[PDB]
């Protein structure tokens, strides 16, 4: 069982959502598996009501990339909290002879889970 390797994301440190916020805007994040091993990944957000990611989980062979769609619903920016949103990429090396189909179990059994945060920044 070896620690999960590194991924590369685009954008690499954060994602900026531009107003207007009266419409749903769909952004994209590129996740690349730079490591030498197959990895399973899950995506999480701090605001299920406003934020959505798709696909929310998957598998990535070495050097394979996936393009995720991060949607941001319309909302009243002018009256809400916006200094706390982030998208979280979690991943682990896929166990030996496992299918290219994501199992939440990979993150619950003995092993290592790695994570990368991508804070959301609002440009009003």
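Numbering follows the first chain given and starts at 1.
- Between 33-41 and 91-99, the higher mean Cα B-factor belongs to 91-99.
- For residue 4, the recorded CA temperature factor ranks within the middle third of the chain's modelled residues.
- Residue 46: CA B factor in the middle third of modelled residues in this chain (values from the PDB entry).
- For residue 52, the recorded CA B-factor ranks within the lowest third of the chain. Only modelled residues enter the ranking.
- Annotation for residue 107: CA B-factor lies in the highest third of the chain's modelled residues.
- In the PDB entry, a CA B factor belonging to the highest third of its chain's modelled residues is recorded for residue 76.
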